[PDB]
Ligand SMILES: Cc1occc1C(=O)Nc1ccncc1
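Encoded as structure tokens, the following chain is the form solved without this ligand, with no partner shown.
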């Protein structure tokens, strides 16, 4: 029974290696990674892989791995797929811990924009969880942490992390991680998956997929929002993605809204993540 070597980048930046039978479904690999991580609340998470042009796709746990990675290497990342709108309602601390690791990379990568003060507050809770109580011995007036906190580190930001870290004396790691999450969950781009597109007039927009629905960011005009319960059908055709905005009160007809994506694969990818979010965030 022939087995393929899998390499998975974990949210701590380390590499997990395992083997699965070459005809394995994505769930087989995901179960092995989640067991390695002691993760029970697995529904929020998934595996990604970089495609024949370094774009990230979700590995579908119900489909053969080989029919997804196709000609590419069996190399994956472990990631949050569905960002819980209220992380305090997760059953296990270790789930919150992995969500913190994902958010820390969302912040350093700049996918999750963050004010100076929130960068320093989030950083202060991470230091508290990892190192425990502030120690002056591990920090002179010239201290720079090993912790990556932000897309662009400054001495001012390092100083503000230390100032806030001093305020958290006696805080336990689960407690610090919950405070991290209480702040992060409020950020306007928390759990927003952004996709480049054009409106029906060729004007560049971003479409954001998240728990609360689909976001249109036209930038120069406004930000339109479609709560999932106002969305009846999602579809793609060629390079186009369409959303049927259910007819409101006393309106005769449903309404359909169309977008142009970079290529057909980018339309299919946006359709699949919307369908998955619609399903997941209907069951809350």
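Just so we're on the same page, rigid core means the largest C-alpha set that superposes within 1.5 Å between forms. Positions refer to the first chain, counted from 1.
J.: Once everything is fitted on the core, do the CA positions of 53 to 61 or those of 28 to 36 lie farther from the shown form in 9 other deposited structures of this protein?
T.: Stretch with the higher C-alpha RMS distance in 9 other deposited structures of this protein: 53 to 61.
J.: Do the Cα atoms of 85 to 93 or those of 141 to 149 sit farther, on average, from the shown form in 9 other deposited structures of this protein after fitting on the core?
T.: Farther from the shown form on average in 9 other deposited structures of this protein: 141 to 149.
J.: Using only the Cα atoms and their B-factors as the entry lists them, report which of 198 to 206 and 174 to 182 averages higher.
T.: Mean C-alpha B-factor is greater for 198 to 206.
J.: Comparing 134 to 142 with 95 to 103, which stretch shows the greater average C-alpha B-factor in the deposited entry?
T.: The deposited B-factors put 134 to 142 ahead on the C-alpha mean.
J.: Taking the values straight from the PDB record, which of 34, 221, 62, 47 has the highest C-alpha temperature factor?
T.: Highest C-alpha B-factor among the listed residues goes to 221.
J.: Whose C-alpha has the highest temperature factor in the PDB entry: 29, 69, 39, 232?
T.: Answer for 29, 69, 39, 232: 232, with the highest C-alpha B-factor.
J.: If you rank every modelled residue in this chain by C-alpha B factor, which third holds residue 152: lowest, middle or highest?
T.: It falls in the top third of the chain.
J.: Looking at the entry's B-factor column for C-alpha atoms only, identify whether residue 4 ranks in the lowest, middle or highest third of its chain.
T.: Middle third - that is where residue 4 ends up once the chain's C-alpha B-factors are sorted.
J.: Using the temperature factors of the C-alpha atoms in this entry, rank residue 241 within its chain: lowest, middle or highest third.
T.: Ranked within chain, residue 241 CA B lands in the middle tercile.
The protein also exists as the form solved in complex with this ligand; that form is not presented, and the subsequent description refers to it.
J.: Is this site open or blocked for this ligand? Place it by superposing the surrounding C-alphas onto its pose in the entry with it bound, then apply the 2.4 Å backbone/C-beta contact test with a threshold of 3 atoms.
T.: Judged by the transferred pose of this ligand in the entry with it bound, this form is blocked (3 or more ligand atoms within 2.4 Å of backbone or C-beta).
J.: Note which of 35, 254, 43, 64 lies within 4.5 Å of this ligand in the entry with it bound, where distance is taken over heavy atoms; exactly one does.
T.: Selected residue: 43.
J.: Could you tell me if residue 2 has a non-hydrogen atom within 4.5 Å of this ligand in the entry with it bound?
T.: Taking the distances in the entry with it bound, the answer for residue 2 is no, it never comes within 4.5 Å of this ligand.
J.: Consider residue 85 of the chain shown here, and say whether it contacts this ligand in the entry with it bound, taking contact as heavy atoms within 4.5 Å.
T.: The answer is yes: residue 85 has a heavy atom within 4.5 Å of this ligand.
J.: Are there residues in 259 to 284 with a heavy atom within 4.5 Å of this ligand in the entry with it bound, and which are they, in order?
T.: Heavy-atom contacts within 4.5 Å come from 280, 281, 282, 283, 284.
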